[PDB]
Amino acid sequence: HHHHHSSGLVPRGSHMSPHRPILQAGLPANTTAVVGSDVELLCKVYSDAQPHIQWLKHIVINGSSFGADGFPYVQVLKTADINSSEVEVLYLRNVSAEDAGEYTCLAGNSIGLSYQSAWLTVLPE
């Protein structure tokens, strides 16, 4: 087997190669909200190399989140140059029916780009 001092991520500047960012499973999570309330989506990004954060919202046109060609309608909400030592947050204040749909968190470094998604459901009051 393999015996090392740490089973965590490879330290920055080590003989081990760096990897693409790792997004923790379950974040963002599918949340449900009532109109007018505030919603916060999380995204825990692990990375040795510097990653850039990006939040998108999937846009629906004619009942479809994809174009006639097949590329997704997405809207850039937030970007960041470095990941946090805590967590990444997307603040959705005073949510309405139009805020519902698919939200995607993205983190990419010198190696790759990783992305996870979640669905926000908005119910009436």
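All residue numbers are counted from 1 along the displayed sequence.
The PDB entry records a higher mean C-alpha B factor for 5-13 than for its counterpart among 20-28 and 5-13. Residue set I82, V89, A97, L77: peak C-alpha B-factor at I82 (per PDB entry). Ranked by C-alpha B-factor against the other modelled residues of its chain, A68 falls in the highest third. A49 sits in the highest third of its chain by CA B factor, as recorded in the PDB entry.
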